[PDB]
Participant: 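Next up is a structure, given as structure tokens.
Just so it is clear, the values below take in all heavy atoms, side chains as well, and ignore hydrogens, waters and symmetry mates. Order of the sequence lines sets the chain letters (A, B, ...), proteins ahead of strands, with each chain counted from 1.
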Amino acid sequence: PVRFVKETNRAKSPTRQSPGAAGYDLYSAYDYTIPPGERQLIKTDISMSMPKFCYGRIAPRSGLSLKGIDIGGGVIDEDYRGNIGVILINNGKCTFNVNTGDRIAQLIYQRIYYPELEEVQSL
Amino acid sequence: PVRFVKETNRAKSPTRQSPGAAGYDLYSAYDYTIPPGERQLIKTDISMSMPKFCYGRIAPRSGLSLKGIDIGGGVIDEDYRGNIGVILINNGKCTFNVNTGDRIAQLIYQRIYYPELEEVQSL
Amino acid sequence: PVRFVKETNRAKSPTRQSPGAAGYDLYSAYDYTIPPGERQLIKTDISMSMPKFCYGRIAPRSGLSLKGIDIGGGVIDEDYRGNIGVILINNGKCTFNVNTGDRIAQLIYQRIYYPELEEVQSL
Ligand SMILES: O=c1ccn([C@H]2C[C@H](O)[C@@H](COP(=O)(O)NP(=O)(O)OP(=O)(O)O)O2)c(=O)[nH]1
Ligand SMILES: O=c1ccn([C@H]2C[C@H](O)[C@@H](COP(=O)(O)NP(=O)(O)OP(=O)(O)O)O2)c(=O)[nH]1
Ligand SMILES: O=c1ccn([C@H]2C[C@H](O)[C@@H](COP(=O)(O)NP(=O)(O)OP(=O)(O)O)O2)c(=O)[nH]1
Ligand SMILES: [Cl-]
Ligand SMILES: [Mg+2]
């Protein structure tokens, strides 16, 4: 079970489209306007305690990606307890409108290793 | 064992370079012209049933990345049964030519979690 | 335990901040000047033997992401025994400077699969 908190009543619970979907839909908590060739940190008003040995990759919705919208950053650490921001980059030709409640990205919980690092002289 | 279909004869089986290569090579099944500052959906004519508790990341080739070619979207869900498409972004200064058979990207089967979500008030 | 090798005394050992961090900080080994709209390969002068059944992802730092600095390529294969290079993309407005010892990205050891493929008729 992954515990999550809405910071304000503008936050929508992250949802999964289907039982075989890779990620959990993230929603914009506020209204944003993104000019062509600009980028914008979008607040979700969702904070969460991630599961152990993984991280949340904020990944792009495919439809938005064909409109020219990409993702910046997107690394949500296992110990990040703050507001989750989606960095949207408008690489399209037109101003991109974000309304409160718009599906803006997907959060994928990606399993990872935390290995020890040891310096040697030859591999 | 991942099962895949060649939708048309122009589809080419994804292959790994080496036993230590992260990704399977995706090939273009058609011929494309992509001008500077534009993107294009490339059809592979491949569809596949992904391994359970995982997804397919369409990741960039290092070669094309240095020439300013990037990858959009890239999330290939576990329950996806359609044609796998690749979003090539041309951020370089010259028209990038896509020939039938050209390696364009690499599918990576990334291990993930599907946790249940529960709403709480404090973390 | 993942072994690594410094190619020069200009390379800096990758670092961990906290138990819940995603990955390991990668540092520049040389001085670079990246003009707006350009990408530049950044040598870390670090070679390592990646652990089995995974790959290192050169992942963006959010601080830079917001300034307009994006990652290109970024797939470090299991059997890569060469110099790890970070492709930094200046999609910002000003020129981006990189001094030796600058925190440029993070490395994430993402768990992956190597399934055998099998062509079929139906799915
Ligand atoms: O680059 C891509 C991205 C997605 N796809 C396919 C695979 C994926 O399973 C499917 C996703 O379609 P949807 O747009 O219905 N879902 P998405 O996750 O993109 O966002 P949302 O569900 O919010 O629309 O499209 C590609 O072929 N290439
Ligand atoms: O798209 C993002 C990216 C990061 N974040 C969060 C997670 C991360 O823990 C935090 C960034 O904290 P830092 O002060 O460590 N930023 P820095 O640039 O130093 O490194 P990094 O961004 O890699 O943690 O912002 C988001 O909410 N959305
Ligand atoms: O950003 C990167 C990406 C890859 N690399 C390394 C790791 C990887 O093993 C290798 C990329 O493979 P190639 O140099 O053989 N290029 P090619 O296009 O042939 O294969 P790939 O699809 O892996 O790039 O370079 C970097 O140093 N920086
Ligand atoms: Cl990833
Ligand atoms: Mg979906």
Participant: Tell me, please, which residues at least two apart from B:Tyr55 pass side chain to side chain donor-acceptor pair (under 3.5 Å).
Facilitator: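 Partners of B:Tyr55 by the side chain to side chain donor-acceptor pair (under 3.5 Å) criterion, ordered by chain and then number, come out as A:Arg57, A:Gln110, B:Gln110.
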Participant: For A:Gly23 versus A:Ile108, what's the shortest heavy-atom pair and its separation?
Facilitator: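 Scanning both residues, the minimum pair turns out to be CA-CG1, 3.9 Å.
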Participant: Could you note down all residue pairs passing salt bridge (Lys or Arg N to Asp or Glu O under 4.0 Å) where residues 11-37 of chain B supplies at least one of them, sequence neighbours left out?
Facilitator: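 As it turns out, the salt bridge (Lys or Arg N to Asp or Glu O under 4.0 Å) pairs with a partner in residues 11-37 of chain B, which skip direct neighbours, are B:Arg10-B:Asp31, B:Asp25-B:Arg103.
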Participant: With under 30° as parallel and over 60° as perpendicular, where do the rings of B:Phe53 and B:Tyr114 fit, or are they tilted in between?
Facilitator: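 Rings of B:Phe53 and B:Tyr114: tilted, 30 to 60°.
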Participant: Using every non-hydrogen atom in the two residues, find where A:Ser28 and A:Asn99 come nearest and quote the distance to one decimal.
Facilitator: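 Where A:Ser28 meets A:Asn99 most closely, the heavy atoms are CB-O, 4.0 Å.
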Participant: Check each atom of A:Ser49 against the heavy atoms of chain B and say whether the ones under 4.5 Å are side chain, backbone, both or neither.
Facilitator: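 Contact with chain B is through both the backbone and side chain of A:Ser49.
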Participant: Heavy-atom cut-off 4.5 Å, strictly under: side chain, backbone, both or neither for A:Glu7 against chain B?
Facilitator: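 When you check distances to chain B, no heavy atom of A:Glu7 falls under 4.5 Å.
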Participant: Can you give the donor-acceptor pairs under 3.5 Å from side chains of residues 32-39 of chain B to other protein atoms, not counting sequence neighbours?
Facilitator:
{"unit_1": "B:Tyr32", "atom_1": "OH", "unit_2": "B:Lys43", "atom_2": "N", "d": "3.4"}
{"unit_1": "B:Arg39", "atom_1": "NH1", "unit_2": "A:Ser65", "atom_2": "O", "d": "2.8"}
{"unit_1": "B:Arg39", "atom_1": "NH1", "unit_2": "A:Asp70", "atom_2": "OD1", "d": "2.7"}
{"unit_1": "B:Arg39", "atom_1": "NH2", "unit_2": "A:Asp70", "atom_2": "OD1", "d": "3.1"}
{"unit_1": "B:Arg39", "atom_1": "NH2", "unit_2": "A:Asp70", "atom_2": "OD2", "d": "2.7"}

Participant: Using the side chain to side chain donor-acceptor pair (under 3.5 Å) definition, which of the options B:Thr15, B:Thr44, B:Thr100, B:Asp45 pairs with B:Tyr27?
Facilitator: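 It is B:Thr15, the one option of B:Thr15, B:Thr44, B:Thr100, B:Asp45 that forms the side chain to side chain donor-acceptor pair (under 3.5 Å) with B:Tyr27.
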Participant: Do any of residues 72-97 of chain A have a heavy atom less than 4.5 Å from a heavy atom of chain B, and if so, which, in residue order?
Facilitator: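 Near chain B, by residue number: A:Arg81, A:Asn91, A:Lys93.
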